[PDB]
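Heads up, the thing below is written out as structure tokens.
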Ligand SMILES: *[C@@H]1O[C@H](CO)[C@@H](O)[C@H](O)[C@H]1NC(C)=O
Ligand SMILES: *[C@@H]1O[C@H](CO)[C@@H](O)[C@H](O)[C@H]1NC(C)=O
């Protein structure tokens, strides 16, 4: 038996779902949302990490003839210097002054821990979210995991469940992002095509396959000083190191809905955005018929205290003439007030205590027993005063009953102020009709 | 030196891109596009393969006590029968009748060549596309490889190029597709949750690691006949084999632009749609300056025969006084007619032959030498009666020129017929100005 329902996509909030298929005993469904996850799609444009400037020893040859060459590995600077007069601890070496040559070369290479100390970039696409849902009812209580996509199936037991599409995807991720050892950032990194020499992405190599190490580190050489042998070069500092030293504002504390983020598959957890639909079908042999426990007759309530707004403050009592005892279900039709207990046993006395909670100062809830329903209002006067850390057990809406028992005088005085004008204008219409003649 | 251009996405079509910066001789670029390849995103919902019905040998026991047990393997048919009188080669076993047990059980499992003979489902989304581009200019002719995404460099050499994003992604794929041994289909599938018993995907297993082989193949058991030992089970044939048998209508023949599909990463190649923008920058020292071979003087063009529309029938003669002979650049400003010759050598005589092509019978292409420009017109009346097997090499725009030579009489007769009524309006105006008085 199919049936549609909607649940606010919030973790740790029990949800009620009563069934009203006549010919059988009415019953209810307990729904629990536990640890939803949202796993985006990744693209892995390029990766970056540290780098070392690899330079070999300089060459000195005592003839003075020039030797120039180039090789295809990236970022070489084929510079040759003459007129060098090098020294060394043996006073000096060779003898031909003003006739000498030095060919100093250098390049860059990725870090020795490029497989471990690397930061990666990624693209963001439309994401899919999983969920773990705990379903319970009469003599059944178990959990399951579903894709909560546009269509899926649970097969939790004799019954079956389906989850509808998500109303809106207010995902924290956007466009392109960066990840670095268990944290992410919404950095607008430069493209693979070009790189600013020093800010970020100094090397723009792809995966560790180790080919085509693009780099814009921009080495610059100079003529060595007359003192002794050197390899003078100017190298901008590692932008990746600077990005480490700055970092700041890790995205984990920037989640709009407090959506904590793990990184091993890159996903998001436990944030309450929108609401989710559900459609269920139930075998008819999953619960007893109407022949068991008809215990309604006349039904009346009594309201005691409504110390509300924290967990449950609406303590109420229900009394009624009862037949032989049995399992009977109860719920509340209005969404203003929510009760906390499912079907409960009934003794022969007829007095049963129930709890609920609501922010409304004058609740007008609609109690329904497994065969009869009645209205019952409470002067929910106690306004609490705390700052509690536990969750709420009510809808965010609040509005006093139009009928009510406190704001009645305001609406009646407004109605009287309007009715005096209405009666007077009726008198005016009658008098003008008489005088028109 | 940044400059922008557009290229139609037609494979095998040389493209001429002219740069006419002052202070240097104008220069021309040859553009080639070789085998584009659009690659989509894949999601891998689940898998589908054959199913084997595994049935153990039946259990016999001559005491009458039944042993019904339930396990966690899929789609058990737990049933045991009584009143069985089995027979074998030795006639029969045991003696008791009307008090016997016959236990029969069966279940389903994935196929043996599941590792190789599987079929894959995938979800498509926004897709990137790579292109191979060959660039040529003066004494430089090399291929490239760019992702032609929103922004990315090429760096073919002294110059640098960046290919812009595609206008619209008219991907042949859509939503959900199926991959099975070198062919795809635009055929939707039931979700991973539930499936129809027999049509397709009656086995909806996840990844090949053989976990939770969900089955809805509807096994049924029956009472064995009184003759001998049996195990009567009824089962619908495998939907995977039936789907292979019917197959038909491969997607490789439904490409809306003749885009051949290769399955190893699943991409679509060699198909024309839209156009590709590009930007570039060129070093100053990549060409010559104006002081080299200025020899335009005056100019005029002639045409001998202009049988057009197939490859190139527009032989044109250009003569002009010449200075010291040398190289130069030549192209056409408009696109009504297109040429094939790149920068060409110039002799002292000045007689130069050109090959061009067009569609309309009255081209108005304006030729342009690297310093001069003169209007060229021709009466390319004669078509040719063939159905060519090779590619077209000109823009599809067919339109007689505003000036023209055959449609002029239409223009003059329309102008004259307008002139009759214009002069009639004039004479009416003079008459009414006389009579207004
Ligand atoms: C359902 O079972 C869980 C343990 O798996 C338990 O904590 C919970 O209280 C049960 N629900 C009810 C309504 O008893
Ligand atoms: C570029 O070089 C290839 C040889 O690999 C040649 O076939 C082609 O014609 C050259 N391009 C031009 C415009 O001549």
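Which residue is farthest from ligand 2 (Cβ to nearest atom), if the candidates are limited to segment A:134-150 and must be in a loop (DSSP other than H, G, I, E, B) and farther than 20 Å from residue A:283 by Cβ? Here the residue is A:148.
Evaluated against (1) within 30 Å of residue B:4 (Cβ to Cβ); (2) away from chain A (no Cβ under 14 Å); (3) more than 16 Å from ligand 2 (Cβ to nearest atom); (4) surrounded by fewer than 18 Cβ atoms within 10 Å (Cβ to Cβ), residue B:199 falls short on exactly one condition, (1).
So that you can scan it fast, the table gives a plain yes or no per residue for (1) assigned to a strand (DSSP E or B); (2) crowded, with 16+ Cβ neighbours inside 10 Å; (3) in contact with a strand residue (DSSP E or B) (Cβ under 7 Å, 6 or more places away or on another chain):
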| residue | (1), (2), (3) |
| --- | --- |
| A:152 | no, yes, yes |
| A:161 | yes, yes, yes |
| A:165 | no, no, no |
| A:168 | no, no, no |
| A:174 | no, no, no |
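The condition of being over 24 Å from residue A:141 (Cα atoms), over 34 Å from the mean Cα position of the chain (by Cα), more than 14 Å from every other protein chain (Cβ to nearest Cβ) and more than 16 Å from ligand 1 (Cβ to nearest atom) holds for only one of A:352, A:346, that being A:352.
The single condition among (1) closer than 30 Å to residue B:241 by Cβ; (2) under 48 Å from the mean Cα position of the chain (by Cα); (3) more than 14 Å from every other protein chain (Cβ to nearest Cβ) that residue B:105 does not satisfy is (2). Against the list (1) without any contact (Cβ under 8 Å) to a residue 60 or more places away in the chain; (2) over 24 Å from residue A:276 (Cβ atoms); (3) within 12 Å of chain B (Cβ to nearest Cβ), the condition residue A:123 fails is (1).
Residue-by-condition table, conditions (1) closer than 30 Å to residue A:310 by Cβ; (2) surrounded by 14 or more Cβ atoms within 10 Å (Cβ to Cβ); (3) more than 16 Å from ligand 1 (Cβ to nearest atom):
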site	(1), (2), (3)
A:12	yes, no, no
A:62	no, no, yes
A:75	no, yes, yes
A:87	no, no, yes
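Please go through (1) surrounded by 11 or more Cβ atoms within 10 Å (Cβ to Cβ); (2) within 14 Å of chain A (Cβ to nearest Cβ); (3) not in a strand (DSSP E or B) for residue B:130 and return the number of the only condition it doesn't satisfy. Checking residue B:130 against (1) surrounded by 11 or more Cβ atoms within 10 Å (Cβ to Cβ); (2) within 14 Å of chain A (Cβ to nearest Cβ); (3) not in a strand (DSSP E or B), the one that fails is (3). Scanning segment A:344-363 for residues that are surrounded by 19 or more Cβ atoms within 10 Å (Cβ to Cβ) and more than 13 Å from residue A:302 (Cα to Cα) turns up A:346, A:356, A:357, A:358, A:360, A:361, A:362, A:363.
A residue that is within 16 Å of ligand 2 (Cβ to nearest atom) and either closer than 30 Å to residue B:189 by Cβ or buried (at least 17 other Cβ atoms within 10 Å of the Cβ) (or both) occurs nowhere in segment B:95-112. Scan segment A:354-377 residue by residue and report those that are assigned to a strand (DSSP E or B) and touching a residue at least 24 places away in the same chain (Cβ under 8 Å). Matches in segment A:354-377: A:354, A:356, A:357, A:366, A:367, A:368, A:369, A:373, A:374. Do we find that residue A:113 is within 12 Å of another protein chain (Cβ to nearest Cβ) and either closer than 30 Å to residue A:252 by Cα or assigned to a strand (DSSP E or B) (or both) in this structure? Against the criterion (within 12 Å of another protein chain (Cβ to nearest Cβ) and either closer than 30 Å to residue A:252 by Cα or assigned to a strand (DSSP E or B) (or both)), residue A:113 does not qualify.
Scanning segment B:73-92 for residues that are in contact (Cβ under 8 Å) with a residue 12 or more places away in the chain and part of a loop (DSSP other than H, G, I, E, B) gives B:73, B:74, B:75, B:76, B:77, B:78, B:83, B:84, B:85, B:86, B:87.
Per this entry, residue B:179 is counted among residues that are surrounded by 14 or more Cβ atoms within 10 Å (Cβ to Cβ), away from chain A (no Cβ under 12 Å) and closer than 30 Å to residue B:46 by Cβ.
Restricting segment A:215-241 to residues that are under 16 Å from residue A:118 (Cβ atoms) and out of contact with any strand residue (DSSP E or B) (no Cβ under 7 Å at 6 or more places or on another chain) leaves a set whose member that is nearest to the other protein chains (Cβ to nearest Cβ) is A:239.
Every residue, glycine as well, gets a Cβ built from its backbone with ideal geometry; the counts of neighbours run over all protein chains shown. Bear in mind that the values in this text are calculations on the coordinates, not laboratory data.
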